[PDB]
(Lines of atoms letter the chains of each structure in order from A and count residues from 1; the text may use other names and numbers.)
(Lines give C-alpha, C1' and ligand atoms only; values in the text may rest on other atoms or scores of the structure.)
Protein backbone atom coordinates (compact mmCIF):
# COMPACT_ATOMS: atom_id res chain seq x y z
CA UNK A 1 0.00 0.00 0.00
CA UNK A 2 2.13 2.93 -1.27
CA UNK A 3 -0.36 5.63 -0.16
CA UNK A 4 -0.54 4.25 3.40
CA UNK A 5 3.26 3.94 3.45
CA UNK A 6 3.87 7.52 2.27
CA UNK A 7 1.42 9.15 4.69
CA UNK A 8 2.63 7.00 7.60
CA UNK A 9 6.27 7.93 6.92
CA UNK A 10 5.37 11.60 6.39
CA UNK A 11 3.52 11.67 9.71
CA UNK A 12 6.40 9.92 11.48
CA UNK A 13 9.10 12.20 10.01
CA UNK A 14 7.16 15.35 10.96
CA UNK A 15 7.25 14.16 14.59
CA UNK A 16 10.95 13.26 14.51
CA UNK A 17 11.90 16.67 13.06
CA UNK A 18 9.88 18.34 15.87
CA UNK A 19 11.79 16.68 18.72
CA UNK A 20 14.23 18.93 20.67
CA UNK A 21 17.13 16.46 20.19
CA UNK A 22 16.75 16.49 16.36
CA UNK A 23 18.69 19.78 16.03
CA UNK A 24 22.14 18.33 15.19
CA UNK A 25 20.67 16.15 12.42
CA UNK A 26 18.33 18.56 10.62
CA UNK A 27 20.75 19.38 7.79
CA UNK A 28 23.89 17.77 6.32
CA UNK A 29 27.19 18.02 8.21
CA UNK A 30 29.27 20.90 6.81
CA UNK A 31 32.95 20.55 5.90
CA UNK A 32 33.65 23.66 8.00
CA UNK A 33 32.34 21.69 11.02
CA UNK A 34 34.18 18.46 10.19
CA UNK A 35 36.53 18.75 7.18
CA UNK A 36 37.14 15.00 6.70
CA UNK A 37 33.51 13.94 7.38
CA UNK A 38 32.72 12.97 3.79
CA UNK A 39 35.82 10.77 3.50
CA UNK A 40 35.18 9.06 6.88
CA UNK A 41 31.38 8.69 6.62
CA UNK A 42 30.52 7.19 3.22
CA UNK A 43 26.72 7.25 3.49
CA UNK A 44 25.99 10.63 5.11
CA UNK A 45 22.34 11.24 5.95
CA UNK A 46 20.24 13.86 7.74
CA UNK A 47 16.58 14.82 8.17
CA UNK A 48 16.45 17.33 5.26
CA UNK A 49 17.80 14.71 2.85
CA UNK A 50 15.26 12.24 4.30
CA UNK A 51 12.48 14.78 3.71
CA UNK A 52 13.69 15.16 0.12
CA UNK A 53 13.82 11.37 -0.34
CA UNK A 54 10.34 10.97 1.16
CA UNK A 55 8.80 13.59 -1.13
CA UNK A 56 10.42 12.09 -4.26
CA UNK A 57 9.04 8.61 -3.37
CA UNK A 58 12.47 7.11 -2.61
CA UNK A 59 11.05 5.20 0.37
CA UNK A 60 9.12 2.50 -1.50
CA UNK A 61 9.55 0.23 1.55
CA UNK A 62 9.35 0.89 5.28
CA UNK A 63 12.79 -0.71 5.68
CA UNK A 64 14.44 1.83 3.30
CA UNK A 65 13.16 4.63 5.55
CA UNK A 66 14.20 2.89 8.79
CA UNK A 67 17.68 2.20 7.33
CA UNK A 68 18.26 5.93 6.66
CA UNK A 69 16.91 6.92 10.08
CA UNK A 70 19.08 4.38 11.90
CA UNK A 71 22.11 5.51 9.85
CA UNK A 72 21.69 9.12 11.10
CA UNK A 73 22.37 7.68 14.57
CA UNK A 74 25.02 5.15 13.50
CA UNK A 75 27.01 7.79 11.55
CA UNK A 76 26.94 10.07 14.60
CA UNK A 77 28.25 7.26 16.84
CA UNK A 78 30.98 6.29 14.34
CA UNK A 79 32.31 9.83 13.82
CA UNK A 80 31.88 11.52 17.21
CA UNK A 81 33.27 10.76 20.67
CA UNK A 82 30.93 8.38 22.53
CA UNK A 83 30.67 10.92 25.38
CA UNK A 84 29.64 14.01 23.40
CA UNK A 85 26.71 16.40 22.94
CA UNK A 86 25.95 15.01 19.47
CA UNK A 87 25.95 11.43 20.77
CA UNK A 88 23.71 12.44 23.69
CA UNK A 89 21.27 13.99 21.19
CA UNK A 90 21.50 10.87 18.99
CA UNK A 91 20.58 8.61 21.91
CA UNK A 92 17.66 10.88 22.92
CA UNK A 93 16.33 11.05 19.36
CA UNK A 94 16.74 7.29 18.94
CA UNK A 95 14.75 6.61 22.11
CA UNK A 96 11.96 8.86 20.83
CA UNK A 97 11.78 7.44 17.31
CA UNK A 98 11.66 3.83 18.58
CA UNK A 99 8.70 4.81 20.80
CA UNK A 100 7.06 6.33 17.70
CA UNK A 101 7.98 3.38 15.44
CA UNK A 102 6.34 1.08 18.01
CA UNK A 103 3.30 3.38 18.34
CA UNK A 104 2.91 3.25 14.53
CA UNK A 105 3.26 -0.56 14.29
CA UNK A 106 6.34 -0.10 12.09
CA UNK A 107 8.37 -2.46 14.27
CA UNK A 108 7.36 -5.06 16.87
CA UNK A 109 6.39 -3.63 20.28
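Residue numbers count along the first chain shown, from 1.
Checked against the record, the higher mean CA B factor of 4-12 and 98-106 lies with 98-106. For the two regions 22-30 and 66-74, the entry's Cα B-factors average higher over 22-30.
Annotation for residue 38: CA B-factor lies in the highest third of the chain's modelled residues. Sorting the modelled residues of the chain by their CA temperature factor places residue 55 in the middle third. Ranked by Cα temperature factor within the chain, residue 84 sits in the highest third according to the deposited record.
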